[PDB]
>>> print(open('data_19.tsv').read())   # TSV, C-alpha atoms and all ligand atoms
chain	number	residue	atom	x	y	z
J	1	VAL	CA	14.00	-31.15	-47.05
J	2	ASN	CA	17.10	-29.31	-45.88
J	3	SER	CA	19.98	-27.41	-47.55
J	4	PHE	CA	22.84	-29.86	-46.89
J	5	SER	CA	24.39	-30.81	-50.27
J	6	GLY	CA	26.80	-33.48	-51.56
J	7	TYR	CA	26.53	-35.88	-48.59
J	8	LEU	CA	26.66	-39.63	-48.79
J	9	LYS	CA	23.86	-41.32	-46.91
J	10	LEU	CA	25.16	-43.94	-44.43
J	11	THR	CA	21.92	-44.77	-42.59
J	12	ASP	CA	18.36	-43.53	-42.15
J	13	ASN	CA	19.68	-40.54	-40.16
J	14	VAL	CA	23.48	-40.22	-40.65
J	15	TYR	CA	25.13	-38.50	-43.63
J	16	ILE	CA	28.84	-37.85	-44.36
J	17	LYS	CA	30.91	-35.52	-46.57
J	18	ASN	CA	34.59	-34.65	-47.13
J	19	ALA	CA	34.39	-30.99	-46.12
J	20	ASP	CA	35.80	-28.30	-43.86
J	21	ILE	CA	33.19	-27.85	-41.13
J	22	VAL	CA	33.97	-24.12	-40.99
J	23	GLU	CA	33.30	-23.70	-44.72
J	24	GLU	CA	30.24	-25.93	-44.51
J	25	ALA	CA	28.82	-23.92	-41.60
J	26	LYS	CA	29.44	-20.61	-43.40
J	27	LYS	CA	27.45	-21.85	-46.37
J	28	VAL	CA	24.57	-23.71	-44.78
J	29	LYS	CA	24.16	-21.58	-41.62
J	30	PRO	CA	22.72	-24.65	-39.84
J	31	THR	CA	20.56	-24.39	-36.75
J	32	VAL	CA	23.27	-26.30	-34.83
J	33	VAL	CA	27.00	-26.73	-35.46
J	34	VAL	CA	28.81	-29.09	-33.07
J	35	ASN	CA	32.18	-28.10	-31.63
J	36	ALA	CA	34.78	-30.67	-30.53
J	37	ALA	CA	35.19	-28.94	-27.18
J	38	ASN	CA	37.22	-29.60	-24.04
J	39	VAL	CA	35.88	-29.16	-20.50
J	40	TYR	CA	37.44	-25.68	-20.18
J	41	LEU	CA	36.06	-24.49	-23.55
J	42	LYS	CA	39.63	-23.51	-24.49
J	43	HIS	CA	39.37	-23.51	-28.28
J	44	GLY	CA	43.05	-23.75	-29.15
J	45	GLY	CA	43.35	-26.24	-31.98
J	46	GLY	CA	41.65	-28.91	-34.01
J	47	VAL	CA	38.03	-28.27	-34.94
J	48	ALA	CA	37.58	-25.95	-31.94
J	49	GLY	CA	40.51	-23.73	-32.85
J	50	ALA	CA	39.27	-23.51	-36.44
J	51	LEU	CA	35.66	-22.69	-35.49
J	52	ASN	CA	36.79	-20.09	-32.96
J	53	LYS	CA	39.17	-18.46	-35.48
J	54	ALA	CA	36.28	-18.18	-37.96
J	55	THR	CA	34.30	-16.22	-35.30
J	56	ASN	CA	37.20	-13.75	-34.84
J	57	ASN	CA	37.59	-15.09	-31.24
J	58	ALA	CA	33.99	-14.21	-30.28
J	59	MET	CA	33.38	-17.89	-29.48
J	60	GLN	CA	36.28	-17.84	-26.99
J	61	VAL	CA	35.08	-14.60	-25.35
J	62	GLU	CA	31.59	-16.05	-24.87
J	63	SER	CA	33.05	-19.35	-23.64
J	64	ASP	CA	35.25	-17.67	-21.02
J	65	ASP	CA	32.19	-15.95	-19.56
J	66	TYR	CA	30.31	-19.30	-19.57
J	67	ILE	CA	33.13	-21.02	-17.63
J	68	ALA	CA	33.51	-18.12	-15.18
J	69	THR	CA	29.81	-18.49	-14.32
J	70	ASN	CA	29.30	-22.27	-14.49
J	71	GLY	CA	32.68	-23.98	-14.14
J	72	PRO	CA	33.97	-26.71	-16.46
J	73	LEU	CA	31.88	-29.15	-18.41
J	74	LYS	CA	31.98	-32.91	-17.77
J	75	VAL	CA	33.73	-35.25	-20.19
J	76	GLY	CA	30.76	-36.62	-22.14
J	77	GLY	CA	28.76	-33.43	-21.51
J	78	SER	CA	27.78	-30.38	-23.53
J	79	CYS	CA	26.45	-26.85	-23.49
J	80	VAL	CA	24.55	-24.74	-26.03
J	81	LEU	CA	26.07	-21.34	-26.83
J	82	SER	CA	25.80	-18.93	-29.75
J	83	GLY	CA	26.73	-20.04	-33.25
J	84	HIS	CA	28.01	-16.52	-34.00
J	85	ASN	CA	28.49	-16.06	-37.77
J	86	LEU	CA	28.53	-19.83	-38.39
J	87	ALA	CA	25.15	-21.19	-37.18
J	88	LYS	CA	22.24	-20.24	-34.97
J	89	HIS	CA	23.68	-22.27	-32.08
J	90	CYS	CA	26.91	-24.07	-31.27
J	91	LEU	CA	26.59	-27.31	-29.30
J	92	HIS	CA	29.94	-27.65	-27.51
J	93	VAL	CA	30.37	-31.40	-26.88
J	94	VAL	CA	33.26	-32.91	-24.89
J	95	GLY	CA	34.36	-36.29	-26.19
J	96	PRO	CA	37.05	-38.17	-24.26
J	97	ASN	CA	40.62	-37.19	-25.16
J	98	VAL	CA	42.71	-40.38	-25.43
J	99	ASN	CA	45.83	-38.24	-25.25
J	100	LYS	CA	44.77	-37.31	-21.70
J	101	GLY	CA	43.82	-40.91	-20.70
J	102	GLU	CA	39.99	-40.45	-20.64
J	103	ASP	CA	37.63	-43.43	-20.84
J	104	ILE	CA	36.57	-44.14	-24.43
J	105	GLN	CA	33.23	-45.51	-23.12
J	106	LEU	CA	32.41	-41.84	-22.53
J	107	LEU	CA	32.20	-41.41	-26.31
J	108	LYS	CA	28.66	-42.83	-26.34
J	109	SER	CA	27.58	-40.36	-23.63
J	110	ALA	CA	29.09	-37.54	-25.70
J	111	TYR	CA	27.09	-38.50	-28.80
J	112	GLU	CA	23.86	-38.76	-26.74
J	113	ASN	CA	23.92	-34.94	-26.53
J	114	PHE	CA	23.17	-34.83	-30.27
J	115	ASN	CA	19.73	-36.40	-29.64
J	116	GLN	CA	18.49	-33.15	-28.09
J	117	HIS	CA	18.65	-31.49	-31.56
J	118	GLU	CA	16.62	-32.51	-34.60
J	119	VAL	CA	19.37	-31.66	-37.15
J	120	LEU	CA	23.10	-30.99	-36.65
J	121	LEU	CA	26.30	-30.34	-38.59
J	122	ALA	CA	29.06	-32.11	-36.70
J	123	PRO	CA	32.60	-33.51	-36.68
J	124	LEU	CA	33.42	-37.01	-35.53
J	125	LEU	CA	33.76	-36.76	-31.75
J	126	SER	CA	37.11	-37.67	-30.19
J	127	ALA	CA	38.74	-37.85	-33.65
J	128	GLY	CA	41.70	-35.76	-34.77
J	129	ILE	CA	43.79	-34.39	-31.92
J	130	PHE	CA	41.52	-36.11	-29.37
J	131	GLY	CA	43.25	-39.35	-30.32
J	132	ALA	CA	40.42	-41.84	-30.84
J	133	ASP	CA	40.00	-44.09	-33.87
J	134	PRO	CA	37.64	-42.21	-36.24
J	135	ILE	CA	36.22	-45.50	-37.57
J	136	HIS	CA	35.16	-46.34	-34.00
J	137	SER	CA	33.79	-42.82	-33.55
J	138	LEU	CA	31.64	-43.21	-36.67
J	139	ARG	CA	30.33	-46.56	-35.43
J	140	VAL	CA	29.36	-45.07	-32.05
J	141	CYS	CA	27.73	-42.11	-33.83
J	142	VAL	CA	25.57	-44.38	-36.02
J	143	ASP	CA	24.64	-46.60	-33.06
J	144	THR	CA	23.83	-43.68	-30.69
J	145	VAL	CA	22.49	-40.66	-32.59
J	146	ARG	CA	18.85	-40.94	-33.69
J	147	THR	CA	18.41	-37.36	-34.92
J	148	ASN	CA	19.64	-36.18	-38.32
J	149	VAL	CA	23.41	-35.69	-38.33
J	150	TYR	CA	25.54	-34.34	-41.18
J	151	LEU	CA	29.18	-35.28	-40.54
J	152	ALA	CA	32.01	-33.21	-42.03
J	153	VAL	CA	35.37	-34.98	-42.35
J	154	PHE	CA	38.24	-32.60	-43.22
J	155	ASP	CA	40.79	-35.20	-44.35
J	156	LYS	CA	39.98	-36.66	-47.80
J	157	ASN	CA	42.10	-39.73	-47.17
J	158	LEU	CA	40.24	-40.42	-43.90
J	159	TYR	CA	36.85	-39.75	-45.50
J	160	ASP	CA	37.51	-42.43	-48.14
J	161	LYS	CA	38.65	-44.91	-45.48
J	162	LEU	CA	35.53	-44.23	-43.36
J	163	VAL	CA	33.19	-44.82	-46.31
J	164	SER	CA	35.00	-47.88	-47.66
J	165	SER	CA	35.13	-49.58	-44.23
J	166	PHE	CA	31.56	-48.71	-43.15
J	167	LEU	CA	29.42	-51.69	-42.23
J	201	LIG	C1	39.26	-32.58	-36.91
J	201	LIG	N1	38.31	-32.93	-37.93
J	201	LIG	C2	37.60	-31.90	-38.68
J	201	LIG	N2	36.42	-32.28	-39.16
J	201	LIG	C3	35.66	-31.47	-39.87
J	201	LIG	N3	36.04	-30.25	-40.12
J	201	LIG	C4	37.22	-29.77	-39.67
J	201	LIG	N4	37.77	-28.55	-39.84
J	201	LIG	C5	38.96	-28.48	-39.23
J	201	LIG	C6	39.87	-27.40	-39.14
J	201	LIG	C7	41.07	-27.54	-38.46
J	201	LIG	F1	41.95	-26.51	-38.38
J	201	LIG	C8	41.35	-28.76	-37.85
J	201	LIG	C9	40.47	-29.83	-37.94
J	201	LIG	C10	39.23	-29.70	-38.64
J	201	LIG	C11	38.07	-30.57	-38.94
J	201	LIG	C12	37.97	-34.31	-38.15
J	201	LIG	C13	38.84	-35.41	-37.28
J	201	LIG	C14	40.02	-36.16	-38.07
J	201	LIG	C15	40.64	-35.33	-39.17
J	201	LIG	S1	39.51	-34.86	-40.38
J	201	LIG	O1	40.16	-33.60	-40.65
J	201	LIG	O2	39.47	-35.88	-41.43
J	201	LIG	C16	37.95	-34.73	-39.63
>>> encode(input="data_19.tsv", output="structure tokens")
Amino acid sequence: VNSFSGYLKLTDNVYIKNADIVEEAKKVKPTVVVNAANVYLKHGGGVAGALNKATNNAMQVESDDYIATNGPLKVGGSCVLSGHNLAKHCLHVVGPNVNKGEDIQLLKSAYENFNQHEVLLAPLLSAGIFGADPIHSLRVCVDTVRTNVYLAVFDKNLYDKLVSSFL
């Protein structure tokens, strides 16, 4: 039993809710919140900008030190950093950004990072400003992640479309 509330069950291990991931993280304080990161961990907009704003920019300060030490992530890769006031840990995962021309096949590799964590609160990778089809992202999530994932979808209209079209 866990504290996630109001989710619709899609499969054995994948759950979905119309919610603001920032507000959901603040309430649940999950072990892991996933960020929709880029390779530079520049948290300017989308989910990343919202999560970073909620940490009063502490996420960005920590991220800049990480990049100065380690260099950029790979598209499809991830790193574990602090969850600050939102979660124990933040798993920063880089899905391909279609608006930069990155290979959508890398979306499966991105979701594989979730399997290193037993339970996660997450957005749909490569959705939103990353330019992928969120219905495709949900399909890859369900077909790739084997651990327990609680997906937060900000847009109510999109949430309803994702549920109604789910096979
Ligand atoms: C981006 N995205 C999110 N997913 C969950 N939580 C969020 N919080 C946010 C705060 C922002 F400022 C921007 C965005 C999000 C967000 C999802 C991708 C398609 C649109 S969506 O919004 O339907 C779901």
>>> closest_residue(input="data_19.tsv", among="J:161, J:53, J:156, J:92", to="residue 19 in chain J", atoms="all atoms listed in the file")
J:156
>>> residues_near_ligand(input="data_19.tsv", ligand="ligand LIG 201 (chain J)", cutoff="8 Å", atoms="only C-alpha atoms and all ligand atoms", output="PyMOL selection string")
chain J and resi 18-22+45-51+122-129+134+151-159
>>> write_last_selection(input="data_19.tsv", atoms="C-alpha atoms", output="JSON list (two decimals), keeping the file's coordinate frame")
[["chain", "number", "residue", "atom", "x", "y", "z"],
["J", 18, "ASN", "CA", 34.59, -34.65, -47.13],
["J", 19, "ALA", "CA", 34.39, -30.99, -46.12],
["J", 20, "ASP", "CA", 35.80, -28.30, -43.86],
["J", 21, "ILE", "CA", 33.19, -27.85, -41.13],
["J", 22, "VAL", "CA", 33.97, -24.12, -40.99],
["J", 45, "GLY", "CA", 43.35, -26.24, -31.98],
["J", 46, "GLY", "CA", 41.65, -28.91, -34.01],
["J", 47, "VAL", "CA", 38.03, -28.27, -34.94],
["J", 48, "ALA", "CA", 37.58, -25.95, -31.94],
["J", 49, "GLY", "CA", 40.51, -23.73, -32.85],
["J", 50, "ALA", "CA", 39.27, -23.51, -36.44],
["J", 51, "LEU", "CA", 35.66, -22.69, -35.49],
["J", 122, "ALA", "CA", 29.06, -32.11, -36.70],
["J", 123, "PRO", "CA", 32.60, -33.51, -36.68],
["J", 124, "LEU", "CA", 33.42, -37.01, -35.53],
["J", 125, "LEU", "CA", 33.76, -36.76, -31.75],
["J", 126, "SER", "CA", 37.11, -37.67, -30.19],
["J", 127, "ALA", "CA", 38.74, -37.85, -33.65],
["J", 128, "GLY", "CA", 41.70, -35.76, -34.77],
["J", 129, "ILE", "CA", 43.79, -34.39, -31.92],
["J", 134, "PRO", "CA", 37.64, -42.21, -36.24],
["J", 151, "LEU", "CA", 29.18, -35.28, -40.54],
["J", 152, "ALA", "CA", 32.01, -33.21, -42.03],
["J", 153, "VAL", "CA", 35.37, -34.98, -42.35],
["J", 154, "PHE", "CA", 38.24, -32.60, -43.22],
["J", 155, "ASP", "CA", 40.79, -35.20, -44.35],
["J", 156, "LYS", "CA", 39.98, -36.66, -47.80],
["J", 157, "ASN", "CA", 42.10, -39.73, -47.17],
["J", 158, "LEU", "CA", 40.24, -40.42, -43.90],
["J", 159, "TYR", "CA", 36.85, -39.75, -45.50]]
>>> atom_distance(input="data_19.tsv", atom1="CA of residue 113 in chain J", atom2="CA of residue 42 in chain J")
19.5 Å
>>> closest_residue(input="data_19.tsv", among="J:145, J:167, J:132, J:61", to="residue 105 in chain J", atoms="only C-alpha atoms")
J:132
>>> closest_residue(input="data_19.tsv", among="J:120, J:148, J:137, J:40", to="residue 68 in chain J", atoms="all atoms listed in the file")
J:40
>>> atom_distance(input="data_19.tsv", atom1="CA of residue 147 in chain J", atom2="CA of residue 116 in chain J")
8.0 Å
>>> closest_residue(input="data_19.tsv", among="J:80, J:102, J:57, J:130", to="residue 114 in chain J", atoms="only C-alpha atoms")
J:80
>>> closest_residue(input="data_19.tsv", among="J:29, J:3, J:119, J:111", to="residue 150 in chain J", atoms="all atoms listed in the file")
J:119
>>> residues_around(input="data_19.tsv", residues="residue 73 in chain J", least_positions_apart="4", cutoff="7 Å", atoms="only C-alpha atoms", output="number ranges by chain")
J: 39-40, 77-78
>>> write_last_selection(input="data_19.tsv", atoms="C-alpha atoms", output="PDB file, in the frame of the given file")
ATOM      1  CA  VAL J  39      35.880 -29.160 -20.500  1.00  0.00           C
ATOM      2  CA  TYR J  40      37.440 -25.680 -20.180  1.00  0.00           C
ATOM      3  CA  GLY J  77      28.760 -33.430 -21.510  1.00  0.00           C
ATOM      4  CA  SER J  78      27.780 -30.380 -23.530  1.00  0.00           C
TER       5      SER J  78
END
>>> build_atoms(input="data_19.tsv", residues="range 103-118 of chain J", atoms="N, CA and C atoms", output="PDB file, in the coordinates of the input")
ATOM      1  N   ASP J 103      38.250 -42.139 -20.548  1.00  0.00           N
ATOM      2  CA  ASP J 103      37.630 -43.430 -20.840  1.00  0.00           C
ATOM      3  C   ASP J 103      36.848 -43.322 -22.146  1.00  0.00           C
ATOM      4  N   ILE J 104      37.177 -44.194 -23.100  1.00  0.00           N
ATOM      5  CA  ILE J 104      36.570 -44.140 -24.430  1.00  0.00           C
ATOM      6  C   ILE J 104      35.088 -44.490 -24.370  1.00  0.00           C
ATOM      7  N   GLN J 105      34.651 -45.225 -23.328  1.00  0.00           N
ATOM      8  CA  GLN J 105      33.230 -45.510 -23.120  1.00  0.00           C
ATOM      9  C   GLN J 105      32.448 -44.217 -23.016  1.00  0.00           C
ATOM     10  N   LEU J 106      33.111 -43.109 -22.649  1.00  0.00           N
ATOM     11  CA  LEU J 106      32.410 -41.840 -22.530  1.00  0.00           C
ATOM     12  C   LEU J 106      32.038 -41.290 -23.899  1.00  0.00           C
ATOM     13  N   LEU J 107      32.542 -41.893 -24.978  1.00  0.00           N
ATOM     14  CA  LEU J 107      32.200 -41.410 -26.310  1.00  0.00           C
ATOM     15  C   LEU J 107      30.710 -41.564 -26.595  1.00  0.00           C
ATOM     16  N   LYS J 108      30.100 -42.657 -26.134  1.00  0.00           N
ATOM     17  CA  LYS J 108      28.660 -42.830 -26.340  1.00  0.00           C
ATOM     18  C   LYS J 108      27.876 -41.733 -25.621  1.00  0.00           C
ATOM     19  N   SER J 109      28.231 -41.454 -24.363  1.00  0.00           N
ATOM     20  CA  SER J 109      27.580 -40.360 -23.630  1.00  0.00           C
ATOM     21  C   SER J 109      27.709 -39.036 -24.374  1.00  0.00           C
ATOM     22  N   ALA J 110      28.883 -38.771 -24.948  1.00  0.00           N
ATOM     23  CA  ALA J 110      29.090 -37.540 -25.700  1.00  0.00           C
ATOM     24  C   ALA J 110      28.121 -37.442 -26.879  1.00  0.00           C
ATOM     25  N   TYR J 111      27.996 -38.522 -27.652  1.00  0.00           N
ATOM     26  CA  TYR J 111      27.090 -38.500 -28.800  1.00  0.00           C
ATOM     27  C   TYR J 111      25.628 -38.390 -28.380  1.00  0.00           C
ATOM     28  N   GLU J 112      25.262 -38.869 -27.180  1.00  0.00           N
ATOM     29  CA  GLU J 112      23.860 -38.760 -26.740  1.00  0.00           C
ATOM     30  C   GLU J 112      23.394 -37.303 -26.717  1.00  0.00           C
ATOM     31  N   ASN J 113      24.310 -36.347 -26.512  1.00  0.00           N
ATOM     32  CA  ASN J 113      23.920 -34.940 -26.530  1.00  0.00           C
ATOM     33  C   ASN J 113      23.297 -34.548 -27.867  1.00  0.00           C
ATOM     34  N   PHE J 114      23.708 -35.200 -28.959  1.00  0.00           N
ATOM     35  CA  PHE J 114      23.170 -34.830 -30.270  1.00  0.00           C
ATOM     36  C   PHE J 114      21.660 -35.088 -30.349  1.00  0.00           C
ATOM     37  N   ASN J 115      21.138 -36.028 -29.551  1.00  0.00           N
ATOM     38  CA  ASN J 115      19.730 -36.400 -29.640  1.00  0.00           C
ATOM     39  C   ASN J 115      18.787 -35.315 -29.160  1.00  0.00           C
ATOM     40  N   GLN J 116      19.309 -34.269 -28.524  1.00  0.00           N
ATOM     41  CA  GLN J 116      18.490 -33.150 -28.090  1.00  0.00           C
ATOM     42  C   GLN J 116      18.252 -32.137 -29.208  1.00  0.00           C
ATOM     43  N   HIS J 117      18.744 -32.409 -30.421  1.00  0.00           N
ATOM     44  CA  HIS J 117      18.650 -31.490 -31.560  1.00  0.00           C
ATOM     45  C   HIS J 117      18.221 -32.266 -32.789  1.00  0.00           C
ATOM     46  N   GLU J 118      17.213 -31.750 -33.495  1.00  0.00           N
ATOM     47  CA  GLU J 118      16.620 -32.510 -34.600  1.00  0.00           C
ATOM     48  C   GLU J 118      17.589 -32.675 -35.772  1.00  0.00           C
TER      49      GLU J 118
END
